[PDB]
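Chains as they are written, first to last, in my numbering: chain H, 75 to 295; chain A, 75 to 295.
Beneath this line is the structure, given in structure tokens, with notes to follow.
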């Protein structure tokens, strides 16, 4: 569908656009709140600064899409393909992102020196795949990351306060300056470096993990 | 016995003086190496800078004695009464001090600002009573403190590297700047502050203790 047709359809009050193929489209600053776009094809699309509050995008293809500064509050993105997408500074507060594919995604940019961290406060990321994602300065306060895959992700200066990290895999993840106060870490897989880098006041941990903390500050068993 | 008699007896080669009453005597800079003084009464005596290398003083009464800078290398002081004795700067390297009473003793003075720490390297202090002793800047590298009582003792800036502290009671002990690298702490009773003050590289610890270390750096279980 082209831009003229779909703006007419939205303006007329139509909201069900599920499975629609919209690959490579240019829609900077567009506003399409409450839209049903489940299973839609949006590969390599430009959606910089768009307002998509309360959209349904479950299982949608968003690979290498530009979403810099976009609004997605309380959106359904369960199992959505976001591999390599540029989400620097975007607002995803309270969104459902369980099982979502976020491998290599840009969720916190420091490219020019300055931090453009994405907002993920209170988001559902149960079992989400974030392997290799860049989250420099991102804010994830209170998010549910039960079982999430964070292999080799960049979490430098990221805020994870009060976040549920139970069973999350952080092997190889960069955590220099990460802020994990009150986070639930029970059962998460981590490197010892984490214990020496992250702020961990109130962090809820396993016994295994507390011993690794001790060992990371030089204690020998 | 008076000073003239006993210097004559030592000079003639006599060495067995066990149980002798020598209370309040003035013997500064005296040299009486290899002497048998087991069970002797030496309450409130002045022995500043004396050489007593390899003496047997088991069970001797040395309460409030001045022993500042004295030499006691490889001496037997098992169960000796040293309550309130002034041992600032003394050399007790390799001495047997098991079961000894060291309550309130001065083993490291900072009275005028400057540290006069006593030397206890490789000493046997199994089950010794050190409650309330002042050990500012003392050096106890490799000492055996299995089961020693250290209640409310001052260990500020003291070196306890590679020391055996198994089953020692450190409740209330001041440990600011203490150096415990490689020390065997398994089974010792400690306050959480210790974990935030002492240097603990290689320190051998219980699981209980490693969790207290974690908890002392703010982790919540």
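Note that CB positions come from ideal geometry on N, CA and C, so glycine has one too.
| Query | Result |
| --- | --- |
| Under 8 Å between C-beta atoms of residue 129 (chain A) and residue 111 (chain A) | yes |
| For residue 113 (chain A), the three-state DSSP class (helix, strand or coil) | coil |
| Burial state of residue 167 (chain A), where buried means 16 or more other Cβ atoms lie within 10 Å | buried |
| Of the listed residues H:99, H:199 and H:139, nearest to residue 242 (chain H) (C-alpha basis) | H:199 |
| Short CB-CB distance (under 8 Å) between residue 268 (chain H) and chain A | no |
| Which of helix, strand or coil DSSP assigns to residue 79 (chain H) | helix |
| Any chain A beta carbon closer than 8 Å to residue 278 (chain H) | yes |
| Cutoff 8 Å: residue 77 (chain H) Cβ touching any chain A Cβ | no |
| Residue 190 (chain A) versus residue 252 (chain A): straight-line alpha-carbon distance, rounded | 15 Å |
| Limits of the beta strand (DSSP E) - the one that residue 181 (chain A) falls within | 180 to 183 |
| Residue 287 (chain A): first and last residue of the uninterrupted alpha helix (DSSP H) it sits in | 281 to 290 |
| Straight-line gap, residue 80 (chain A) to residue 187 (chain A) (C-alpha atoms, nearest Å) | 39 Å |
| Own chain partners of residue 268 (chain A) with C-beta closer than 6 Å, once the 5 adjacent residues on each side are dropped | 249 |
| First through last residue of the alpha helix (DSSP H) which encompasses residue 270 (chain A) | 267 to 271 |
| Neighbour flag for residue 281 (chain A) against chain H, beta carbons, 8 Å | yes |
| Partners in chain H for residue 264 (chain A), counting only beta-carbon separations shorter than 9 Å | None at all; the shortest Cβ gap to chain H is about 13 Å. |
| Which listed residue (H:244, H:192, H:173 and H:117) has its alpha carbon closest to that of residue 145 (chain H) | H:192 |
| Amino acids of chain A, ordered along the chain, whose beta-carbon sits closer than 9 Å to that of residue 292 (chain H) | 255, 273, 274, 275, 276 and 277 |
| Neighbourhood of residue 194 (chain H) by C-beta, 7 Å cutoff - its chain only, sequence neighbours within 5 removed | 166, 212, 213, 214 and 217 |
| Residue 180 (chain H) classed as buried or exposed, judged by whether at least 16 other C-beta atoms fall within 10 angstroms | buried |
| Distance between residue 255 (chain H) and residue 232 (chain H) (C-alpha atoms, nearest Å) | 12 Å |
| Interface flag, residue 234 (chain H) vs chain A, CB-CB below 8 Å | no |
| Closest Cα partner of residue 291 (chain H) within the set H:103, H:278, H:272 and H:182 | H:272 |
| Spatial neighbours of residue 275 (chain H) in its chain, beta-carbon cut-off 8 Å, leaving aside the 5 residues before and after | 255 and 256 |
| Selected residue, minimal CA-CA separation from residue 185 (chain A), among A:164, A:160, A:99 and A:78 | A:160 |
| Distance, residue 108 (chain A) Cα to residue 100 (chain A) Cα | 20 Å |
| C-alpha gap between residue 87 (chain A) and residue 149 (chain A), whole angstroms | 19 Å |
| Residue 285 (chain A) vs residue 264 (chain H) beta-carbon contact at 8 Å | no |
| Beta-carbon neighbours of residue 285 (chain H), restricted to chain A and to distances below 7 Å | 281 and 284 |
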